[PDB]
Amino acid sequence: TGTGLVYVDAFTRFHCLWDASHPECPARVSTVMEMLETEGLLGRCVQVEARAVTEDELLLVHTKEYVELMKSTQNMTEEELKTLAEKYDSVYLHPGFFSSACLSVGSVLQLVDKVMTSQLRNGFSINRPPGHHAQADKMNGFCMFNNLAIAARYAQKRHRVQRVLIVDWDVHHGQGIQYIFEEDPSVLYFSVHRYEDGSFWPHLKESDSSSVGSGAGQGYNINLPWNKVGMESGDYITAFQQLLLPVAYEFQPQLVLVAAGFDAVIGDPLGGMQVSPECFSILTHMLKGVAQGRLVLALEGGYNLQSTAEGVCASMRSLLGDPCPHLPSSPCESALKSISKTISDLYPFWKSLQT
C-alpha cells in the first residue's frame, strides 16, 4: 500500500541531565518531523501507532538480568542513574529513558508488522534512543536496547521470516548488532563506518573487515571501514553497487532493516564525512530491489539537526516512490582501498563477489 511513519512525543521525553549540549538530544527527532512536514512528506505517509516492547520481545536479544536492571531505571534517583551510567561507555541516563527506549523498539516492531503482512510497502521510524550499539547485557554509545536486533529476531519468530538483512549506514560501527548475530547465518549484518585503524569510536579491531563472523556465521558479517575522513556520495554508491547489493541479491533476504543514521552527512559535527543528504535517496532506492522491497528504516545517529532532517527526507522520498535525484557529486583512493579489502575478506563466501 503506502509508506509507514512512526513518531511519538515520548521520543522527546529524555535528555542528558548533566550536559545541556549533549548531541543526543530531543531536538533531533522534532527537527526531522518539522522538515518532513514542511516538505509535504509527512502527510503522504501512513501514520502508524507506536507501542511498548514486551519483555519477551526484549528477551529475544537481552538478558533477563539486564532488562530488570533497565526497568529499575524509572525509579532511581539522579545519583543512582548517574552512577549506573558511568559503568558504561558513552551513555547517559534519565528517569524517562527506559520508557522512551521501549517505545523506540516497539516503533520498529510495529513497522515490521505492517510491512511483513503487506499492509504497507515500507516504513520509517523517527525514533530515539538509538540502538545499534546496545548489547545483550550492556548499554553503549547512547543506546539502551538494540532496536533492530530485536526487530530482526521478532520478524523471525512472529512472521516466520528465515533471512533478515541489516544495513547499517550510520557513520559508527554497530558492534552491538555484530556481536548479537556474530554466529548467526540467518541475519546478515552489513556496516559501513568510519574506523581509521581504530582511532575512531568505538575503537574496536572487531570493526575491521577481517571480522566476517564466526562458526556458522562466517561470511554473514560484512564491515566496510573508512580510514580517511571526508568520504562522499560516490564512495557510498560504489560500496553499494559492487559489495552490498551483489551480496544482498545472493542472500535473498525476506526483510531489510536499515540502521538509518545520518552522521555521515556533510555538516555532522561527529562523523567527519561529506556525504550529501540526497545520496541516501539513491542508497534507499537500491535496497527497494531486494526482499520485495520489504524495507524498514530506523533512526540511529545523526547530530546536525538540519543535515539529519535532510537525510531522512531524501530517504523518505525514495520510500514514497519519488524519482531519484540528480547528485551534484561524482570514489577516492582510500575508499576504493577499503572496498577491495572487504571484498577480499568476503570473496570466499559470495559468488557475486568473485571476479
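Residue numbers here begin at 1 and follow the sequence given.
Colleague: Zero if continuous, otherwise a range: how many residues of the deposited sequence are missing coordinates between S330 and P331 (none, 1 to 3, 4 to 9, 10 or more)?
Modeller: Gap between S330 and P331: 1 to 3 unmodelled residues.
Colleague: Please compare 73-81 with 120-128 and name the stretch with the higher mean C-alpha B-factor in the deposited structure.
Modeller: Between 73-81 and 120-128, it is 73-81.
Colleague: Mean CA temperature factor from the deposited coordinates, higher in 169-177 or in 153-161?
Modeller: Taking the mean B-factor of the alpha carbons in each, 153-161 is higher.
Colleague: By the entry's C-alpha temperature factors, tell me which of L111, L244, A136, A260 sits highest.
Modeller: The C-alpha B-factor peaks, among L111, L244, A136, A260, at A136.
Colleague: From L287, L319, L60, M35, can you pick the one with the highest C-alpha B factor in the entry?
Modeller: Highest CA B-factor of the listed options: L60.
Colleague: Sort the modelled residues of this chain by their C-alpha B factor and say whether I222 lands in the lowest, middle or highest third.
Modeller: Its C-alpha B-factor, which the entry lists for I222, ranks in the lowest third among residues of this chain.
Colleague: Can you tell me whether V29 has a C-alpha B-factor in the lowest, middle or highest third compared with the other modelled residues of the same chain?
Modeller: Lowest third, going by the recorded CA B-factors of the chain.
Colleague: Comparing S191 with the other modelled residues of its chain, is its CA B-factor in the lowest, middle or highest third?
Modeller: Lowest third, going by the recorded CA B-factors of the chain.
Colleague: Per the entry's values, where does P185 land by CA temperature factor relative to the rest of its chain, in the lowest, middle or highest third?
Modeller: Within its chain, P185 is a lowest-third residue by C-alpha B-factor, going by the deposited values.
Colleague: Among the chain's modelled residues, which third holds the C-alpha B-factor of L353?
Modeller: For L353, the deposited C-alpha B-factor lands in the highest third.
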